[PDB]
Every structure is written in C-alpha cells, then in structure tokens.
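Engineer: Would you mind keeping the following structure in view while I ask a few things?
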Amino acid sequence: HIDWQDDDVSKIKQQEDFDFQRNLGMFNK
Amino acid sequence: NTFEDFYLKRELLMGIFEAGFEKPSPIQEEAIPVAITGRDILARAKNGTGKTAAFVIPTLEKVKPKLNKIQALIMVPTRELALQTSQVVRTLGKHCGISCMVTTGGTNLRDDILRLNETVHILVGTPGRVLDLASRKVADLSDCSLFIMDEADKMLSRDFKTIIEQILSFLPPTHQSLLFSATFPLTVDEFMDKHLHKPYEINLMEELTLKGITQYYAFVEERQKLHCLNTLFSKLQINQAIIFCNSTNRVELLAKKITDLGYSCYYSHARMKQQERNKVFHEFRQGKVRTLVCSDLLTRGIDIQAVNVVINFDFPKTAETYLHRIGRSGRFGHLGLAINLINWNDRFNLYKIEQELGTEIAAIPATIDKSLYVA
C-alpha cells in the first residue's frame, strides 16, 4: 500500500523548504 | 484487422512487415482507408510513430516512383519532427524505390538546392525553408498532389499560417490535404473552408486544450513528496487548487494529511457516491475550501475560473488521463499552472506524454512568474 504517510508525519511539519534544483540533478541515475 | 486488408502495394506491405507493425492502431484504421481514396482528412490524435505511419502509409501508396517529381509535401514545425517523420518514411518505403528529402532551417540552403537537382518524391520540411525553395522555383510542386501537416496547430499560428497559404499557392489547384494535430482548437476556419475539400474529420481525443496552461515537472522521491507539496503551498500564490492521485487510498490519506498540516480541503473519487461527488464538486466550486484532492472527474463542467493551480501528486500513466486532468475545456486561452511530481518510474511516462500531447513540460524554475497562474 501507500508509503509516504509514515514518511512525512504532519505534526512535525518542519524542514528547510524542499529544494527542487538539487533533485533535478538526481534526474539521471 | 490487419494491414493486408488495406489493399496496398506489395512493397509497401513488405515495408510495414519489416517495420514490425502487425495490426493497425485505431488512427491508422480510420485514416489510412479514407486517405487512400483521395478524400481530405482533419484528424485529432495523440502523436506517435503510429500516427506518422497512419499518414506515411497512404503517401507511399499514392506516390508513383516512376515519375521523378515531388508528389507529396509533408509540413512540420520543428526539425526533429522532420527527421523522425522522414525516418518513418524511409523505413516503410524501404522497398518502394522512393526518394525522401528533408529540408529545414538548421540545414544549409546551398546543399538543399544542390540536393533538389536529383530526384525527390516526398519532401519533408518546415514552413520557412519550404516556402523559400518554392519561391525560388528550386522545388517544383506542379505535380505535388498531396499536402500533409503534422502538428498542424503549431503552423497555423498568426505568422506561420501566412507562410503555409503562400506555399499552398504552388500546389495544383486540385490537391489532397491531410491535417493532423494533438491539441484541439483550430485558429481559423476561413483557412479550413478555403483549403480543404469535404474533409473527413477524425477525433480520437477528449475536447480539451492545454492552451494558456504553463506546465512544469519536478523530480521528487516518493518519501520527499509531502514536503515538496507543502513547499509549493508555501511558495505559490493560490486562490484555489486541485490535486491528483492515482489511487483512492492515496487521495484520502493525502487530503487528510493536507488538512492535518493546516489547509482546508475536500476530496472526491470514483468509489465515492455520485451524489456526494457532485456535491463536493459544487461545494468546491463555491470556494468553501481552498483545495481539492481527487482521483477522477468523469463529470465535466466547463472551465472553472477559480482554480489557478493543478498538481499531479502522482504522474499519470497515459496521455489521455493526463489530458483529462490538466486540459481545460475553454477553447480560449484559459490561464493556469500545472505541476507534476516525477517518480523514478515516471521519468519515461513524462517523456512519452510530453510527446503524445505535443506539449511542453519544462523543469520547474525557482522563480515562477506570477503572470502565469494569476492575473
């Protein structure tokens, strides 16, 4: 079934805002 | 049923056989017969080697190898498309003894004018170059009985349309026309009634346009998704938005997670009641909650204004689904924004879909112009 929910519990709700540019470099693997 | 049922030249059927096609896809079943009778065609269907062959096959059937003149002009907007097209042409017309030349903007004019000294049967080129050679009298179109436009919508814009009409001047008064496109609206019908004759219209897509909608993708790992979505909610100016997921479970869990973060939102899906579905639909149209998360919207109502941001939390598998999710019904330039979350296993489906619908899904920039999702 689903995998994310455990991954991102709503309550903590804290991180340096997700950077797209860094993951766009991970586009090739 | 099979390509052999279309009564084609032996060599053409050989070409198809070696190419590996076994049964005709629907666009081929529809267009190939109507095309080989001489009737014009105006088809809307998703792009692919399937469709390209759906017109290249008739072309190879009509053109006479024995006559050394341009007998078919295949217009395309981009050079890469001229390449792919001519590639399909050379492939299928392997045993037909037919010369196919490409002539574009990236190439040298001298080499093309030089090349046209030799025999060319099927000419494949972009508006500018083709009109250039046509005006020059270098390319003789006096016996060119077949005119074709793939991605025709891209060449019927304000500027290109003129060039197209000027090219059409060279073609014989009585000529066959085949216009293909991915995206529904057509800029002009004066053009249609003037330059087409009793056209047999084909339409194998929903009547939705991605016009005005700015599309971005973002490579995001499965575990990083929610964080990214929140980053978007935080960084984007949204009056109202719709999220899409590939499963009811994920829809509900995501809606509840969103409400948990601190955004009022509704949810819909197929496994929900119909009445409750339309209820949540209208309630959302009102603007009770600023977001919706939904698996399906079989119900179609035109062009809701309020929404200005659409997001594929889960990238769709097929271009039909993607179009139904992102495409708005308004013929006119509906302004919107689409963000796709790209799984590792979606990287291909992004390439495919981007190709099929003939649209552009660029990498999401840091600075998204506010002029694109609000005005």
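Numbers run from 1 along the shown chain.
Placement of Cβ uses the backbone N, Cα and C atoms for every residue, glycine included.
Got these off Swiss-Prot a minute ago, pasting:
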BINDING   B:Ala45, B:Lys46, B:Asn47, B:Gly48, B:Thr49, B:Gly50, B:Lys51, B:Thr52  ATP binding site
DOMAIN    B:212-372  domain 'Helicase C-terminal'
MOTIF     B:1-29  motif 'Q motif'
MOTIF     B:150-153  motif 'DEAD box'
Engineer: Applying the rule Cβ within 8 Å of the centroid of the Cβ atoms of B:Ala45, B:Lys46, B:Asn47, B:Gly48, B:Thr49, B:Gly50, B:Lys51, B:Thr52, what extra residues of the same chain belong around the ATP site?
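Structural biologist: Near the ATP site, the remaining chain residues are B:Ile27, B:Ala53, B:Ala54, B:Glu356.
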Engineer: Taking the Cβ of B:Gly50 (ATP binding site) as the centre, how many other Cβ atoms fall within a 10 Å radius?
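Structural biologist: Taking all protein chains shown, B:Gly50 (ATP binding site) has 17 Cβ neighbours within 10 Å.
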Engineer: Show which residues of the chain containing B:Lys46 (ATP binding site), separated from it by at least 6 in sequence, have their CB under 8 Å from its CB.
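Structural biologist: Set apart from B:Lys46 (ATP binding site) by at least 6 residues yet with Cβ under 8 Å, we have B:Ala182, B:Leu204, B:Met205, B:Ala319, B:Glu320, B:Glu356, B:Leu357, B:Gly358.
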Engineer: Taking each of the binding-site residues B:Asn47, B:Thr49, B:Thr52 in turn and counting other Cβ atoms within 10 Å of its Cβ, which one has the fewest?
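Structural biologist: Looking at the binding-site residues B:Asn47, B:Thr49, B:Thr52, the Cβ with the fewest others within 10 Å is that of B:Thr49.
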Engineer: Note down the number of other Cβ atoms within 10 Å of the Cβ of B:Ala45 (ATP binding site), including every protein chain shown.
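Structural biologist: Its Cβ has 22 other Cβ atoms within 10 Å.
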Engineer: Check the DSSP secondary structure of B:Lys46 (ATP binding site), expressed as helix, strand or coil.
Structural biologist: coil
